[PDB]
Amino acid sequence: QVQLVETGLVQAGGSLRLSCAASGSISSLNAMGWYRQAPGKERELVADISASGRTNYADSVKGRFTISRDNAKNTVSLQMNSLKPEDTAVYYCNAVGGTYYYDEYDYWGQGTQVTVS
């Protein structure tokens, strides 16, 4: 019982913010992050962050995207600046958790379309 909710057309070089809140039986919730897929291509990790503050970033978006996490409300943010048409894709929130291993569950959001240029 764990659900993900994704809030958040942009012009090239503009900014955009995506959020992902979690709720329900998330006691041992670990990392949370954002993947993306441009149709026909493939899912790419974009960013993720552990409640403990460990941040990861795809090379492509370093210095452009910033991922933040608010533990108080189990929510994750994605600040996307200097958008390129190449960033156009369906973006998926992702959450991993488990008391007996980091990724006992691997839940995905329904995705939000992002269109650039």
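Each residue number is its position in the shown sequence, starting from 1.
- Counting the unmodelled positions of the deposited sequence between residue 8 and residue 9 gives a small gap of 1 to 3 residues.
- Of the two segments, 18-26 and 97-105, the one listed with the higher mean B-factor is 18-26 (C-alpha atoms only).
- As recorded in the PDB entry, 87-95 is the stretch of 46-54 and 87-95 with the greater mean C-alpha temperature factor.
- Per the deposited record, the Cα B-factor of residue 33 falls in the lowest third when ranked against the other modelled residues of its chain.
- Among all modelled residues in this chain, the alpha-carbon of residue 64 has a temperature factor (C-alpha) in the middle third.
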